[PDB]
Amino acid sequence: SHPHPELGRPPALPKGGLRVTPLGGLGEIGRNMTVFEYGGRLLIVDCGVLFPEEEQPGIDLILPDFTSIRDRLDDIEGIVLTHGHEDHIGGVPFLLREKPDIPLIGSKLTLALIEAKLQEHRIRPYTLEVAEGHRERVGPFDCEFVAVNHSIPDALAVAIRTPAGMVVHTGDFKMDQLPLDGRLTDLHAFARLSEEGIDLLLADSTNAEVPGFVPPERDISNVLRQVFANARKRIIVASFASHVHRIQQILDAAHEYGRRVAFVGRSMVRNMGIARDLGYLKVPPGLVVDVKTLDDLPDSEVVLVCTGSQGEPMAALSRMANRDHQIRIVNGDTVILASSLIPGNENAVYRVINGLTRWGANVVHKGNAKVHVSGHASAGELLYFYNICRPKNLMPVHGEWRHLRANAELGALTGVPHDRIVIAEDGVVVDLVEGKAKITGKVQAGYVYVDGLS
């Protein structure tokens, strides 16, 4: 039930067929990249990086292998960016380095983030900003964009129409029914699409092993308020620099309890800068201040929103825990790790927590408080979703093998036929011919290591 060990190169793509090829995100979560082919032309959905398990000198980032598209960069009609996370957009500078006039298609915030990253590489891309509801033709690919709710604002699924049929790519999504910005995952859109006919659905598998439903983000507010209410000294909150809604809730609590907020960390400052700038983050006047002024403030009036929720040794939280930061942890400080614990980072995270605890901090985290909810649909949501989309072929994407198999089983339960559910690996080539999806070959899709110069 896996791809055949020796799959040759794929045959010619039949006239009228579509060819889908995950170059990343399958078997190992990250460096997500999917290549769509129709009539010799290529559409790329996401191009991200993957963060290495260790691996110290000479290995900063891991990219998708561009081998199967490098000899045909001229065929690429565009790169669609479903949302602004690094394992979806982090690879773009290394792809554009090889052909800089490939157009980036994406939401406003998505584009602003990727443009910020590209600036550091001296690259200015051609872009096409889209919003939910926009429909646009990109070479042979007719792209309609659909709102999805998630850990970052402004994320899109995309429905791609060709004469091979309609392919829906969900990007990353969950289904919060009470999102901070009122922006729901557009089930109306999906239902309409489903009545037109969804021939191949590529769906987020990240949380498919998890039963039930993701608690709504707004529940976190309660916990934050409890923590804030009982915190007699400074509060330090760590989160991913892109989690705008999370941070929104931290400012909300800060305001409620008469505290001032300062952002610490390059990424955090940059991103909250962009989010605030474009209206995604709503900040009441007088709340946010420079970190330098925090010295002048009483402890009980101070909230630091900083960086390094995954124990990244160069980030704020870690250096604080290692007594190597301008900010010095003291007995009585409250630290909240308002984040996930990505598998593999347990050593680093726990080391940070132990350091913090050692210096006298009370540390709130997902292990002792409900201060984080997943960004991805659980088994419950996925069932809701499959019952609305009713895909005719299903490809689980974005997960380790256990995740994909889970997602596959859910699809099965909703009535997707087993022979129409295809589990792929990086480099496995799926052809949508005559409305059926079949594994037809595989291409080179190993790992590629980069130091910023590759």
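Throughout, we count residues from 1 along the sequence that is shown.
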{"query": "48-56 versus 64-72 - greater average Cα B-factor per the deposited record", "finding": "48-56"}
{"query": "Residue stretch of maximal mean CA temperature factor, 80-88 vs 96-104", "finding": "96-104"}
{"query": "Out of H150, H134, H169, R183, residue topping the C-alpha B-factor column of the entry", "finding": "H134"}
{"query": "Most elevated Cα B-factor in the entry, residues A361, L317, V138, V373", "finding": "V138"}
{"query": "CA B-factor placement of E400, once the chain's modelled residues are sorted into thirds", "finding": "lowest"}
{"query": "Entry-reported Cα temperature factor of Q119, expressed as the chain third it lands in", "finding": "highest"}
{"query": "Chain-relative CA temperature factor third for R259", "finding": "middle"}
{"query": "CA B-factor ranking of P343, expressed as a third of its chain", "finding": "highest"}
{"query": "Position of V330 among the chain's modelled residues by C-alpha B-factor, lowest, middle or highest third", "finding": "highest"}
